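Novice: let me see the structure of the following:
(3 chains)
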Amino acid sequence: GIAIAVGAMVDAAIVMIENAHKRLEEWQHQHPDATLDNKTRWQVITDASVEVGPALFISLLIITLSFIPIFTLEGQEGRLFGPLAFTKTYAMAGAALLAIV
Amino acid sequence: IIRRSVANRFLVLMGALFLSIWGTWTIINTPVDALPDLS
Amino acid sequence: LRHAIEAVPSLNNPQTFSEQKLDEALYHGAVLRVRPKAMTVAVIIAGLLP
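Specialist: Numbers count the residues shown, from 1 in each chain, chains lettered A, B, ... in the order given. For reference, the structure is listed below:
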């Protein structure tokens, strides 16, 4: 369950990371290079994280919930795919809580 | 919501510095096996 | 692309008989996003390959 969730859970951490780069790419072309501090740099980071943030959270939040139904599985086959569904759901629900905090 | 977490930015690190140390501990302790009991 | 369509051509719609106008936002909605887009599908499939 973990091995499967990994690729999914990192990709939602990066979407913010490749983007902040771009909101730091923006301030470059706009203003002066070789100078910036915390106030402007952490705000552009906070800004970078909030516009495309929730949709990534919802994307991940949409992923975890959508897979849940395989908990519906019964008897023997369910005991098998039980832990696969938990661990996956935890990792997504893990990275999700991680991407925000 | 994200903006609250960044506020107390040290509470998230210290929280995290534990989520990893403690998790690492309960990772090395987690019992092994091949398949969830299926019987 | 739903974002780049509100923002740039939203103001440039009142003109009737003007579709080539809107296509600009769509093209744009596909360029900056590819760097991320490829990169997610990149990992989504990358780490799911082993």
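Novice: report how many residues lie close to residue A:26.
Specialist: By other CB atoms under 10 Å in any protein chain shown, 13 other residues sit near residue A:26. No exception for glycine: its C-beta is placed from N, CA and C like everyone else's.
Novice: how near is the residue lying closest to it once chain neighbours are set aside to chain C?
Specialist: Distances taken as CB to CB, 6 or more residues apart in numbering or on different chains place residue A:44 nearest to residue A:26, at 7.9 Å, with adjacent residues excluded. As judged by CB to the nearest CB, to the nearest Å, residue A:44 and chain C stand 16 Å apart.
Novice: residue A:44 touches residue A:25, doesn't it?
Specialist: No - counting by CB atoms under 8 Å, residue A:44 does not reach residue A:25; the two are 10.3 Å apart.
Novice: which one of these two is surrounded by more residues?
Specialist: Set side by side, residue A:44 and residue A:25 show more neighbours around residue A:44, with 16 against 12, by other CB under 10 Å.
Novice: now that one: how far from residue A:28?
Specialist: In this view, residue A:44 and residue A:28 are 11 Å apart by CB to CB, to the nearest Å.
Novice: same deal with residue C:44?
Specialist: With the distance defined as CB to CB, residue C:44 ends up 30 Å from residue A:28.
Novice: residue contacts, residue A:7?
Specialist: C:43-48 (CB atoms under 8 Å, 6 or more residues apart in numbering or on different chains).
Novice: who wins for most neighbours among those residues?
Specialist: Neighbour counts for the contacts of residue A:7, by other CB under 10 Å, peak at residue C:43, which reaches 19 neighbours.
Novice: noted, bye for now.
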